[PDB]
Amino acid sequence: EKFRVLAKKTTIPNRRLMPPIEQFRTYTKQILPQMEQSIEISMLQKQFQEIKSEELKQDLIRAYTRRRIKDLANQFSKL
Amino acid sequence: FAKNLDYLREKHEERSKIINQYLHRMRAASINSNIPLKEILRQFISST
Amino acid sequence: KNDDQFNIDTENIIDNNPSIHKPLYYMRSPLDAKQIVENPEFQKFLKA
Amino acid sequence: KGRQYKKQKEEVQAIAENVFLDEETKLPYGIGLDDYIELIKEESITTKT
Amino acid sequence: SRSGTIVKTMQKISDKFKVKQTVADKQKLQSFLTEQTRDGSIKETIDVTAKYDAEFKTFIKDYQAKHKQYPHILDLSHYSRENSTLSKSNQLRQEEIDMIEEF
Amino acid sequence: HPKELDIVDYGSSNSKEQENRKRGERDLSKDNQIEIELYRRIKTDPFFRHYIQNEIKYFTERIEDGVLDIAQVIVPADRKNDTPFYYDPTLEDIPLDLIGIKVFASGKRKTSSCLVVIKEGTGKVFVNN
RNA sequence: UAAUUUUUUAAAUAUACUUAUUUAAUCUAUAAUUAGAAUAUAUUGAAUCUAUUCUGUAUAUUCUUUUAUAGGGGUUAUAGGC
Ligand SMILES: [Mg+2]
Ligand SMILES: [Mg+2]
Ligand SMILES: [Mg+2]
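Protein chains in written order, with the UniProt record's numbering: chain A, 22 to 38, 48 to 109; chain B, 50 to 97; chain C, 194 to 241; chain D, 100 to 148; chain E, 15 to 117; chain F, 493 to 591, 610 to 639.
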């Protein structure tokens, strides 16, 4: 129903009867890096396996940080 | 399964080296030491 | 070969159960390594 | 988890359980002056006797 | 907080390379097993290492059957008093008298 | 000074605890009721019985160890893990527990005091009849 | 095919109103994230020199703090009087 009459000459209508914008930001900020770090590391641990020296190992990591910190420098440039 | 076995080899070797230090020093505490008896015990207690 | 189980003797705490003031010696959900071994699965993988 | 919040009548009736008169007395015991009562029970007796 | 986020990340990163998603060496691993399988030294390795770490216990806990859950040790003395049998009332009569005489 | 009490103070004393029942630990003070609960538990606890047997000994070993350093002119100092392990219960995970239709509504201002009585019906209003 | 208004009698109920009395400040559940302090342990990094120190992160504890999710309910936290 839509309308019901209470009494004589009293009609009233009755009353007793996936956001995208978050879907984007949750992908950009949270989901990408967690998917990336699992990739960006496993591509490196394999590369550290064949090597047996401890000099190269600790320099690739420290080079990976520089190349990953620039990613944040761009974000703060934005609003 | 094989990774979790490497997860032992680190620890068993860690626990072995730490112990084999104490064993060496009790052979030294038998000789090189003022207070030989306690060093034999202190180095046990830290192993506990 | 009944040298496998592990007990606490919750009635007479200290007299029967030694070193009970040290946690690593005494767990809340203790293991039975013999079961862990004698599972046929665990024997296969190591041979694998 | 029965309510400690008690109404009046329970607090009133809880008192009368402990106090009680006696026909020769018509005075209450459980209030604390039970000693003074036992004078009068004797005094009424010692006079007549 | 730009200078703060930079620092927190670099240490998060360093912690993950310490994790081992893979094998390190095989000759060591195989030689490690043959030595211990030779005489049955494996059980000691499992018991001791399982005690001062849970992560190895969690992996091996599944292979085990017939688990037991005792109380926690600190809450054990309290657990025994609450479960006092009728026989233990014999003690509690004495232990009630020993203090009353004091008081 | 004797504490006089009133007619009303008799309801709780006897109705709560009957004279027919015996007397027990619950009838005592709490500060005494706790000591019993300590006297019945410490006999079983491993920590207290261990720490208290050995308390004097810790007080001496720290002196003998210290006098060496005064004899070997080095300042006194403490080593690591000289003591036993004892449970740090904070680091350990213990249980927290062992185990029709009406409405009446009011509203207020400086001095006024309104009382409302809602009933089902047409849109219809009254105030003080 | 009704029952307006007013007065009176008898009883129950709780909601104004009256009295006494208790409490009253900044919250939870979780998560991420920020700001920072206290300890204890572990620990990367830093020594142009008090590295028996400083900093950072984690763990537990001790209070504090942003945002989110959901849901939970506000003043008295003030203003006079004596
Ligand atoms: Mg008023
Ligand atoms: Mg009421
Ligand atoms: Mg008042």
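We put the beta carbon where it would ideally sit given N, CA and C, even for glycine.
- The DSSP-derived three-state label of residue 216/C is helix.
- Proximity of residue 587/F to chain C, defined by a Cβ-Cβ separation below 8 Å, is not satisfied.
- Using a cutoff of 7 Å, the CB of residue 621/F counts as near ligand 1, since one of the ligand's heavy atoms is closer than that.
- Under the 8 Å criterion on CB atoms, residue 201/C is classed as non-interfacial with respect to chain F.
- Under the Cβ criterion (8 Å, minimum of three pairs), the segment 72-79 of chain B does not count as touching the segment 67-86 of chain E.
- In the displayed model, residue 95/E falls within a helix according to three-state DSSP.
- Per DSSP, reduced to three states, the secondary structure at residue 559/F is helical.
- With respect to chain B, the C-beta atom of residue 63/E has a partner C-beta closer than 8 Å.
- A check of alpha carbon separations from residue 66/E across 195/C, 220/C and 240/C identifies 220/C as the nearest.
- If you compare the alpha carbons of 495/F, 528/F, 639/F and 631/F with that of residue 28/A, the shortest gap goes to 631/F.
- Using beta-carbon distances, residue 583/F does not count as an interface residue toward chain E, since no partner is under 8 Å.
- Comparing alpha-carbon positions, the option among 197/C, 215/C and 194/C lying closest to residue 86/E turns out to be 215/C.
- Contact note: residue 95/B reaches chain F through 573, using a C-beta cutoff of 7 Å and chain order.
- As a beta-bridge residue in DSSP terms, residue 616/F pairs with 625/F.
- Under a criterion of Cβ atoms nearer than 7 Å, the residues of chain F adjacent to residue 31/A are, in order, 632.
- Neighbours of residue 577/F across chain B, judged by C-beta separation under 7 Å: 97.
- By the Cβ neighbour-count rule, residue 78/A is buried, with 16 or more other Cβ atoms within 10 Å of its own.
- Taking C-beta atoms as the reference points, residue 140/D and residue 116/D fail to come closer than 8 Å.
- In this structure, 227/C is the residue among 205/C, 217/C and 227/C with its C-alpha nearest to the C-alpha of residue 195/C.
- For residue 215/C, the C-beta contacts it makes with chain B under 9 Å involve 97, in order along the chain.
- Three or more beta-carbon pairs separated by less than 8 Å are not found between the segment 106-114 of chain E and the segment 616-632 of chain F, which leaves the two stretches without contact.
- Taking every protein chain shown into account, the CB of residue 18/E has fewer than 16 other CB atoms within 10 angstroms, so this residue is exposed.
- Here the C-alpha atom of residue 516/F lies approximately 38 Å from the C-alpha atom of residue 548/F.
- When secondary structure is reduced to three states using DSSP, residue 95/A falls in the helix class.
- Comparing alpha-carbon positions, the option among 588/F, 519/F and 628/F lying closest to residue 614/F turns out to be 628/F.
- Closest by C-alpha distance to residue 118/D, out of 514/F, 501/F, 512/F and 513/F, is 501/F.
- Considering only 81/A, 61/A and 73/A, the residue with the shortest C-alpha distance to residue 94/A is 73/A.
- Counting C-beta pairs with one atom in each stretch, the segment 31-46 of chain E and the segment 197-213 of chain C have fewer than three that are closer than 8 Å, which means they do not touch.
- Counting along the chain, the unbroken alpha helix (DSSP H) around residue 47/E starts and ends at 41-51.
- Contact between the segment 222-239 of chain C and the segment 45-60 of chain E is present: 3 or more CB-CB pairs across the two stretches fall below 8 Å.
- Taking the C-beta atoms as reference points, residue 202/C is found no nearer than 8 Å to residue 225/C.
- Interface annotation, residue 541/F: in contact with chain C, CB-CB separation under 8 Å.
- Between the alpha carbons of residue 21/E and residue 58/E lies a distance of about 42 Å.
- Judged by beta-carbon spacing, residue 63/E lies within the 8 Å limit of residue 60/B, meaning their Cβ atoms are closer than that value.
- Between residue 633/F and residue 110/D a beta carbon distance of about 48 Å is seen, past the 8 Å cut, so the two are scored as non-contacting.
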